[PDB]
Structure formats: C-alpha cells, structure tokens
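Notes follow the structure.
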Amino acid sequence: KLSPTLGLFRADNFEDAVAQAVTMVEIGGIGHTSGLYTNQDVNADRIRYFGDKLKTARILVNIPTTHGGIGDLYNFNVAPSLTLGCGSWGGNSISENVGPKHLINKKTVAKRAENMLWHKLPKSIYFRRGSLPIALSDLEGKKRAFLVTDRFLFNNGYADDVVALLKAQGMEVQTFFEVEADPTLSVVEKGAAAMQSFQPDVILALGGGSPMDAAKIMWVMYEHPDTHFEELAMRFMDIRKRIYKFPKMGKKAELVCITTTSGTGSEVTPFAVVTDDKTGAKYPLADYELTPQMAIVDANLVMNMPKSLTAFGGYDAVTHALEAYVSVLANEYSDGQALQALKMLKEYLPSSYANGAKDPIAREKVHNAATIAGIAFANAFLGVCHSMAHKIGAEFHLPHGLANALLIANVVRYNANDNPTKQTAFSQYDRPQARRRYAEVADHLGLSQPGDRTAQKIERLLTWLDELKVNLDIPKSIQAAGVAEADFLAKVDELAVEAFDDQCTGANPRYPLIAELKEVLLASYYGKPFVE
Amino acid sequence: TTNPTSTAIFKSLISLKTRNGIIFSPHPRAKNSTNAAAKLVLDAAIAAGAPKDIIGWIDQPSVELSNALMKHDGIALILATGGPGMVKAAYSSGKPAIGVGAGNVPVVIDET
Amino acid sequence: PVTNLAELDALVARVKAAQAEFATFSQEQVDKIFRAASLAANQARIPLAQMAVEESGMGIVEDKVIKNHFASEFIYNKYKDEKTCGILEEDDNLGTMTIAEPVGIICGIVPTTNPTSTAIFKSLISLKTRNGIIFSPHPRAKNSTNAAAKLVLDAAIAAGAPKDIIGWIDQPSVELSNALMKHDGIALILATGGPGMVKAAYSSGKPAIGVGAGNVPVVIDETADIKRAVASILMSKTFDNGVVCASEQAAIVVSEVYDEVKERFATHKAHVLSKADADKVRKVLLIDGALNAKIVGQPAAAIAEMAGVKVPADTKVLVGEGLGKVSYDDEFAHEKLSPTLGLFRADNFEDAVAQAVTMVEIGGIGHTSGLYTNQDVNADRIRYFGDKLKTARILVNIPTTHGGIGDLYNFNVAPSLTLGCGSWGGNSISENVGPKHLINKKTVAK
Amino acid sequence: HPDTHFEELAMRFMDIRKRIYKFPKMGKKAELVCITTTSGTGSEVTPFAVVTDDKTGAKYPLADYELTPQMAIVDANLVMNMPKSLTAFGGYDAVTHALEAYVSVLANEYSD
C-alpha cells in the first residue's frame, strides 16, 4: 500500500494465521520482513514454529519493522529496510544487504616454492644377545603392561620369559595372542576393547609383521576411542601431504617392540596395513607418529628358525634396500646405511643360509642388516615391485619376501633404460640416471672390471643376484613356483591395474603404464627376461 | 521518488569507497534535488583531491535514454530499486544486476 | 525409465517430496551418510573410469581414475563438518539467532569431458546442503553417469537416506532438458562445459551459475630458463590429451629467446608447423565456426592424419605459427581442448602483455593465466603483469594443472573446474562454489 | 631442579656407560628448540656440555643422553656471509670429529 492505509485479517488459530502469513508473503515474491506479536517466554515452541514456516529475509518478534523509537533506534542495531537486494527476483529470493565485496574483484597469486624432505627415527634401540634383561632393566615404574603376540609364538616357550621378567619387578599384564597372518578389522577392535578395559600404560609388541602394526592401530584406537577409522586411513594415505593435524598420541601408553623375523623393517617404520572384512580392502597407514619409541633387536630368537624362511626375510630386506637407494625420494641420508647393509649382506647370506645355528655370527649379522634396511626405507618409500608383490602374495596366498624376490630381476631391466622420455617426469632435476647409480653399486661392491662400461657393470650386478638367489634354492619361474597359469592370464589383467596405483606412487623414477606391468608379469612367470 | 536523496548519496559514497564511477537515473518527478546532491557531494569530493568528476546523472531523464545507458556496453553494473516493474526490466539485461525491493510485509498477533 | 514429462513430472514429485521430508534431518546423522557415501564412491574409481573409457570414447585411464581419487578426497577433506543444520550463531545479548536452510530442487548439466567426477561432485555437495539434484547427462556419456547415480544413491540408501534424492535422464534430449530447466519446481541449475550451453542457461530468468573457461595464455620472457616451462607444459599439454578446464591455449614468446625455444620443442615430441598444414589442421579445428567436436581428446598422430598429414608417431602436440594476427578469426585463438597448441612471436615484455590481455578477452571469462620468468630479479615485472591481467588466477613459473611429484603441483589449490560465475558478460572473474551459495539465511532479532 | 647443587651434577655424571644411577628429572616444564649457526659443530645434537670454573677455569664436562634437545633445526639462510676461513675452521672440526669417530673403539656399525 505504501500509504497510511492497512487491511487486516480474521485468523482462527496460530496455525491458521501462519498459513495465511506464508500465502501472504509469497505474493510479494521477495522474502524481506515479517513480524510476530506474542508472549515471549511462555511460548518458544510458537516462536520457532513460526520461524520455521516463514521465509522472509528477516523475522522480528514484538518489534516494529522500522528505525527510530526512543533514543538510539528501535531496533538500535539493524540494517535499514532498504539496502536489501538480490541477484534474483524469482521466488523465495531472500534479500541480502550489499557490501563492497559485491563491488570488488579478486586476485590470488600462487608462488613457486621449494619443499621439505625428511629423516626421522625412533629414539631408543638396543642390540645384542641377551638384550632382554639388560634392555628392560631400565623399566622402573611403568606399571601396567599389555602383550601383543601370536598364539604360535605365545605357544612356544617365549612369552613365558617376558612375563616372568615382567614379574621381575611385577607388572599387571595380559597376553594377547589373537592375531593371525593379518590385521583384519576384527581382532583390532576386540584387542582395543580389551586393553581399554584394562587401561594398560605400556604396550609390548612382539614378533613379525601383523602382530605389531595392528597393535599400533588399536593402540591409537585406545588413545582416541571417539573417532571413527576411515578418516584415519582416508585422511592420511601417504607422505608429504602434511595436511593437517595428528591424532594426538604420546598420551597414556608407550610402545616397546621386539622383532623376530630377519627381513622386515616394519618395527621401525611408521607404517600399518589393515584389511577389510567384506572383500579384504587394503588400508595403508603412514605417518611418523606411528613410530614406536622403543625398539629392541636381540638375536637369541632366531638360531632355530629354519631355511629358507631365513631366505624369505633376507630377500625382502634386499628388495627394500635396492629399491630405497634408487628411489626418487632417496636423500643422501638413506644412502649410507643402505649401502652398508647391501655391502655387508653379500657374505653372510650364504653362510647363514647354509650354517645356523652352527654359525652364531652370520645370523645376528643379517638380523642387524635387516634392521638397517628398515632404517633405510623408513624415509625412502617403497618401489613398484613391493606393492606389486604385495598383490601376488594377496591372491595366491604366497608369502612376502620371495614373491618380490621373483621379480627384482625384470624390475631393474625395466629401469635398464638409457633415455626413454615417454612417461618420465622431471627427469633431469635430481635423479640424473638410475643406470649410473646401479653402476656405483656394482663397482662399490667391486662387481665390475676396473675397465668397464655401465651396462657391463649392470649385467654383472644382476647376474650376481641371479645365481646368488640360485644359491638359496628358489624357483626361477612362477610356474616353477606352482601356479596355475591359465587363470594367471585370466586375472593378471585387473591384477595389473591395481598394481599400477597401489601406492607406487611410489618413488619409482619412471612411469609404468598398464601394458609394461603385464609384460613383466608374464616374463617373470615364465622366467623370461623382460628386455626391449 | 520515494527516497530520491538518501539513496543517491548512499550509492555515490560507497562508490567512491570502491574507487568506482557511478551514473544516475533520477526520476522525472524527483531529479532536481537529486542533481543538487550530485553537485554538492562532487563538490566536497573535488575539494579533497578527486578527479574532475566521478558522477554522471541525467537531465530530463527519459525511458529511451535509460535503456540506452542501461544497455550501454561500457557500464559494468546497475543498481536499481523501487517499483517491481523496474527491477524486472533491470534483470532483463543479460548483465549483472541486483535489485533492492520488498513484498507485502505481514504481521500476525496471537491471543497471548 | 526416464523419457517423458509424464514420468519426468512424476519423479519430480517423488524426489521433491523426498527432499521435503529429507530436509528435516539432524546434522549428526547426515554426517554418517556423508562419510559412507564418500567412502563407497571412493574405492571403485577404476570401474567408472573404465566404462567411462568405453562410453565417452577418448582419453587416458589413470588420469581419469586419480582425478576420481583427487576429487573425492578433495571434496571430503574440503568440507569435513561445517555447521549447516539449524542455528548458526546466537546473540543472547540481543537475542539475534542466525540460522540457515536448504534451497530446493536443482538441475545438473554433465559434459562429456568429465562425465563422472562432476556428477559425484554435485551430488555429494548436494547431500551436504540437504538438497535434491537432477541430472542432464550428455547422450554421449550417460550410461556411466547413471551408473554412478545408482552407486552413490545406493551408498546413501544404505545409510538412512530417503528412498531417492537423485533424478537423472534416460536418453537425454534437448526438449526434455529445456522443459525441466524451465520447470517451475526446480530451484537452481548448475551448468558447465560448452560456452553455448551456459548462455542458454543464463537465458532462464532464474538463478544460474556456469563453470567455464577461456583461452588460457602463458607468456615467457628472456630471463626464464626454457626447459623448465617446456617441461611443465608438456606434462599439462599431454594430460589426457589436454581436455581439462583452464589448460594451455596460447604460447607467447618474447623476441630473442624464440627460435631456441622452438628447437627445444623440436628436441622433443612436439611437431612445429609453419606451412599449408596450418590450414590443413585449421579446417577441422573450426569447421562450422563452432569448434568441431571430434578433435576432442584425440592423439597427435590421429589428429595429424585426420587433418590430412602424416606425422612421426610418438609425437605429442602440434605447434602452430600462423598466429602473428591476434583476433577471434584465428582458430588457435579459441581454445583447443586437444593436444594442440599455437604460439606467438612477441617483441618485448609489454608487447607480450598487450597480446596476453587481448588474448584473454576472447574467452570472455577471466579464469587463469601464466607467467614464466626469473622471479627475484624481477618483481616489477611480476606485478606489472599482475596489474594488467584480469583472469581469475595468476600463476608464475607453474603449470595450470594438478599433479606433479608427490602431493600435487601445486599442492594446495582448487581444481581448474568448480569455478563459475553469476554472469558471462566480460571480465567475469570466476569464483569457486561454496555451500553458502547453496543455503538460505535467517536472523531473528529479539 | 633449583634445589640441588651442581658439582654432583658434574661429579656424579662424568662420561658414558657408568649408568649409575638415576637422572636429574627433566622433560618437565620446558622443551628445547635449537638452531645451529656454525658449520662444523655437532653440539646441538650431542648431550654434551662444558662449563668453566671461575677461580682458575676448572673444566667440567657433562655427558648424558637426557641432555639431547628434542628439537633441532638446520637452516642454511644463516651462513652465506660468514667469511673464510672460519668456514674452514668449522669444517675441519667436523672432519676431525668424523675420522676419530670411525676409528673409535666405541664405533658400532651404526655410526659408520
């Protein structure tokens, strides 16, 4: 009306008035203002019942929709009834008051900049024969303790030793031996629930592979019972996306780890793998707060562990090392002890494989070498072969450590390239050429004639590994490993596609594509040399 | 015509905020006072170091002139308010536009 | 069966009521639906990438799969939990409650270039806004899109969702699209892709924002190192045959560093070109004057022979010289969206700047632009250039894409997509989309 | 520990391997963030300290692993301008540190 005139309605009830109101506003076509006159602290239900139905810009209760009462203004802080526009007429177009950002145009300029590389380690480690008593001697008043182990090893006269030493000053403990070859999404929560019933304050990780890392996982689940778990995985998938925060531990428990298998560097790495229960979805966890603060590397354990599981672990470590050195993530830092472990292993593998426990020299030597390898790729990530072998082990239940050991050969032949600039990225930046690096390894072992070219040294290198791995009595084609090959061909197709993106990604200097993986897989299965 | 004065100074002032240039379409009803304000505010601005003008406004405003500048290429934006019929032609421009208007403003009173 | 306005309007009513009582949900319960939907869309990127490979027709698989990776994870990490239900903020001192509320029914337009990522994107953010979304797949790429519609809705349903929140079209057709796009019940529309498309979108009398791009120029001065930029834009140029938004369209080279850059391309798979093959490719480049629609995502050898000339096979991109003229009529001036590029011969810094500004305006949308130069000897140059250029976004010594070594290059940035504007007109600096663009306000004063 | 005197901090803990018996008990109410500046000293990682007396300058060496700072940062921005041959002095100190360390009887495989 816009004039000193008004028409009224005769409403029936609260809801009748509300209906008439909504119907009345829509006629304007712009939701601007609407008013409620009512009792105010006997009726809140009414307040926001009414608020729920009405879509103006702005609701006032027991207030005139203007400016200027007594003194300052009624109401004294509010935009004017004008200044409320919208970019649309259409309907329900809730007006918004105007601001200079509606009158101003933007810029962001992003800068070019450099990155962060890394080297971080667990603080505390011990290493000898009979470490255990003298290692744990420094365990004063840490009062509650929890065991993580496997029923095979707990079944052996091993756990008894540590619980006795826990009684030595006397700890309230409980053994947990209820993990099989893998983290499951099933034991993890029962273990978490049991210990959080116990509220232990020290966690004892025992063994090889699955027992330790699953613990870590459910360990952290004790730290935050509140959160769900995907986003622990989904949020933190790999390195260098330090975005943004931690699940917040160091809290109410510490980690003391005991390896048993010579060949896994897991007990130092901040890594974990968990498997889903429908279809076994892989979930990789990787961030440095996962590193245990306590690591002990005794030997007493493996004098009696038989061949060639020895070989399996050693070959896993071997793979870890050679991939780590050539990794694009390789700083100078990992090169030192990676080279060290590689050099020092070449003598003590044949002896320990042939001799043990008659040779209580080579066994602990290769144990330490494997630990050093774990030190190495703790910062340099894995190679494509590693997750790919994860896969081959996955479908055919093949153990880790030898599955990759069947691959390494062709793998470096894939790296055996002069300059294919087909898919490589940023080649001449920090990684001049892998071939040279390999040759440095070769002559660095002295595996080369003083007068040689690179490729000469390279073939010497992988010949060395060839009959070296001959020495340890392993099949040379995966068919010789006992695999039905018709289905191999049938299912290698999708095997390769998941082999591509399985976190490899990957410091692999060169891109693979789906095709090359397939060539390599078939060549390795037949023991054929992948060469082009 | 309802608020020929406050709106003009409003827009002009916030424009000089945005380091802008503003063009005015006064109503043939209420233009002389609006143009007087245009003078006055520009004069204040000039006696502060402003460029010789930042205001434009229409003398004897007419519909075809309004459509011509409203469809002028050089203009970057338009600010309309008032009659519903007005802002709808404003939206019918293929150009960015926002219109300040209102609808029927209802109040309801209960027994309590 | 989605074919006629009978069943179209029926399903409109269906999803529309479903939104009506969907919008009544508490934040801490929609969150679970959120997590589950994100997860279940998250793992199976490989399938829809693969059957996108078959349905759409071109392109590279892993680019597609990891765009799905990046898109899903960006979306979730992008919007973990931001208060969108009920009260937003309170002033008990003045009794001013500010709350928010969903908008309504929205249509979604799916281009063939990214038929998958866009759909999940829109749908996921919609269930964020407690919305209902309608899809207009392209008759090219619809089956994979509808498969995604199934899959994501199935995840949502196995979380407590109303029986549907998706609508999508079977055998999409233009009249159906105009009917729903002009349907009364719809509250908004989200279009992207062809310039011609979003203009009809704006021609609706209804709120609309379109995600597009213009010709993306880069300029190179004498003080930059050649091989660096050469590298970066080979990676971007080759990305799935250069079909991503905000990708290379014009190479601007200052005077005396020119032929050396050119042989640097010649030292690589790029094929320079300065003869009648200019016309030989410009025919199919712009046949109808409207950007002939099968150069899209096609390999360099394919587009060379299918332009009529035979080329060394491993070549990656063809390079055009007949570009001394600067205007619309140049087909190199328009965007290419294929592993092809044309360059300029600039005279000085300011010549290149002028050509750049003239080049951008042709796109009509200020989206992206690139400077390759020395960086701490020239700041005057930096922001001289910054002063003249009005794209959305300036990058110096950087490719305008996503994914280098490790995290991303650059590792914190919105995608080249997701950048729309409420206007086409000119200099319309794109803004990326957010839920406040999808949510309505309230303050109640006490 | 404001309470204790200081000799026995030195007198009690003179070198390595006499882990007899306890700590002065820190990790307490402050943390350590260290920035080296001189290329050639590994002090900012070592749990070592040297203090000199005031009569005659009696040397007091302190050595035990809880002295290690939890935080170490090694930037370069610092020494582009530090002149020759103080560069050489630090580098040669580090050189000595290394060659002695390798041949030391305490040398495990770890330091090699």
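Labels for the structure tokens follow display order: chains A, B, ..., residues from 1 in each chain, ligands from 1.
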
Quick one: which residues from chain C are at most 9 Å off chain A, using only C-alpha atoms, as a count of residues only? 48

Show me, as a ChimeraX atom specification, every residue of chain D with an atom at most 10 Å from chain A, counting only C-alpha atoms. /D:70,109-112

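For segment 380-389 of chain A, the list of residues within 8 Å, based on only C-alpha atoms and with local chain neighbours fewer than 6 positions off taken out, reads residues 319, 320, 323, 324, 325, 327, 329, 330, 331, 334, 400, 403, 404, 407, 408, 411, 499, 500, 502, 503, 504, 505, 506, 507 and 508 of chain A.
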
Within 8 Å of segment 97-112 of chain B, counting only C-alpha atoms, which residues show up once you throw out same-chain ones fewer than 4 positions away? Write them as an MDAnalysis selection string, please. (chainID A and resid 13:14 17:18 21 24:25 27:39 82:88 95) or (chainID B and resid 77:84 87 90:91)

Out of segment 305-397 of chain A, which residues get helix (DSSP H, G or I) from DSSP, as number ranges by chain? A: 309-326, 332-354, 362-376, 384-396

Spatial neighbours of segment 16-21 of chain B, max dist 9 Å, only C-alpha atoms, sep filter under 3 positions, as a short mmCIF file (atom, residue, chain, number, x, y, z; two decimals) with N, CA, C and O atoms, in the first residue's frame:
data_model
loop_
_atom_site.label_atom_id
_atom_site.label_comp_id
_atom_site.auth_asym_id
_atom_site.auth_seq_id
_atom_site.Cartn_x
_atom_site.Cartn_y
_atom_site.Cartn_z
N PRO A 100 30.90 -4.17 -0.03
CA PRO A 100 31.91 -3.84 -1.05
C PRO A 100 32.51 -5.03 -1.77
O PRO A 100 32.94 -4.88 -2.92
N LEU A 103 31.24 -5.37 -4.81
CA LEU A 103 31.69 -4.31 -5.70
C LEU A 103 33.16 -4.40 -6.04
O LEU A 103 33.72 -3.43 -6.57
N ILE A 104 33.82 -5.51 -5.74
CA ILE A 104 35.27 -5.59 -5.83
C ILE A 104 35.67 -6.95 -6.38
O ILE A 104 35.02 -7.96 -6.08
N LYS B 11 24.67 5.49 -2.61
CA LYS B 11 25.37 4.83 -3.70
C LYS B 11 26.66 5.55 -4.03
O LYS B 11 27.70 4.92 -4.20
N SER B 12 26.62 6.88 -4.12
CA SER B 12 27.80 7.62 -4.54
C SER B 12 28.94 7.45 -3.55
O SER B 12 30.10 7.24 -3.93
N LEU B 13 28.62 7.55 -2.26
CA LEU B 13 29.61 7.43 -1.21
C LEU B 13 30.25 6.05 -1.20
O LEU B 13 31.48 5.92 -1.18
N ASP B 53 35.52 14.81 -12.22
CA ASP B 53 34.19 14.30 -11.92
C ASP B 53 34.28 12.80 -11.71
O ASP B 53 35.22 12.14 -12.16
N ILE B 54 33.31 12.27 -10.96
CA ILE B 54 33.12 10.83 -10.82
C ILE B 54 31.63 10.53 -10.96
O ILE B 54 31.23 9.39 -11.21
N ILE B 55 30.82 11.58 -10.86
CA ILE B 55 29.38 11.49 -11.02
C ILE B 55 29.01 11.65 -12.48
O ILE B 55 29.67 12.40 -13.22
N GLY B 56 28.02 10.89 -12.91
CA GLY B 56 27.20 11.28 -14.04
C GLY B 56 25.75 11.14 -13.64
O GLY B 56 25.38 10.30 -12.82
#

Could you list, with a cut-off of 8 Å and counting only C-alpha atoms, the residues of chain B near chain C, each shown with its nearest atom pair and the distance in Å rounded to one decimal, rows sorted by chain and ascending number, as a Markdown table?
| residue | atom | partner | partner_atom | distance |
| --- | --- | --- | --- | --- |
| B:91 | CA | C:205 | CA | 7.8 |
| B:92 | CA | C:205 | CA | 7.9 |
| B:94 | CA | C:425 | CA | 7.5 |
| B:95 | CA | C:425 | CA | 6.3 |
| B:96 | CA | C:423 | CA | 5.9 |

Shell around residue 338 of chain C at 10 Å using only C-alpha atoms, local window under 5 positions removed, as a list in words: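 My reading of the contact set: residues 237, 238, 239, 240, 241, 242, 243, 244, 247, 248, 249, 285, 294, 295, 296, 297, 298, 299, 300, 303, 317 and 318 of chain C.
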
Filtering to C-alpha atoms, could you give me those residues as a PDB file, in the first residue's frame?
ATOM      1  CA  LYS C 237      49.601 -30.355 -22.584  1.00  0.00           C
ATOM      2  CA  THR C 238      49.624 -34.147 -22.663  1.00  0.00           C
ATOM      3  CA  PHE C 239      47.258 -34.578 -19.716  1.00  0.00           C
ATOM      4  CA  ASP C 240      44.563 -36.891 -21.166  1.00  0.00           C
ATOM      5  CA  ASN C 241      45.037 -35.080 -24.480  1.00  0.00           C
ATOM      6  CA  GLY C 242      44.612 -31.726 -22.741  1.00  0.00           C
ATOM      7  CA  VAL C 243      40.884 -31.940 -22.015  1.00  0.00           C
ATOM      8  CA  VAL C 244      40.955 -30.389 -18.535  1.00  0.00           C
ATOM      9  CA  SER C 247      44.509 -25.628 -19.784  1.00  0.00           C
ATOM     10  CA  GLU C 248      47.051 -24.207 -22.227  1.00  0.00           C
ATOM     11  CA  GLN C 249      45.689 -22.354 -25.230  1.00  0.00           C
ATOM     12  CA  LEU C 285      39.913 -27.164 -35.859  1.00  0.00           C
ATOM     13  CA  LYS C 294      35.837 -34.592 -32.786  1.00  0.00           C
ATOM     14  CA  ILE C 295      39.274 -33.243 -32.206  1.00  0.00           C
ATOM     15  CA  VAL C 296      38.459 -33.862 -28.560  1.00  0.00           C
ATOM     16  CA  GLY C 297      40.986 -35.888 -26.628  1.00  0.00           C
ATOM     17  CA  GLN C 298      42.477 -37.285 -29.730  1.00  0.00           C
ATOM     18  CA  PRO C 299      46.107 -38.370 -30.138  1.00  0.00           C
ATOM     19  CA  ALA C 300      48.538 -36.211 -32.067  1.00  0.00           C
ATOM     20  CA  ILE C 303      44.632 -35.609 -35.454  1.00  0.00           C
ATOM     21  CA  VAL C 317      51.441 -31.964 -29.671  1.00  0.00           C
ATOM     22  CA  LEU C 318      51.428 -29.964 -32.893  1.00  0.00           C
TER      23      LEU C 318
END
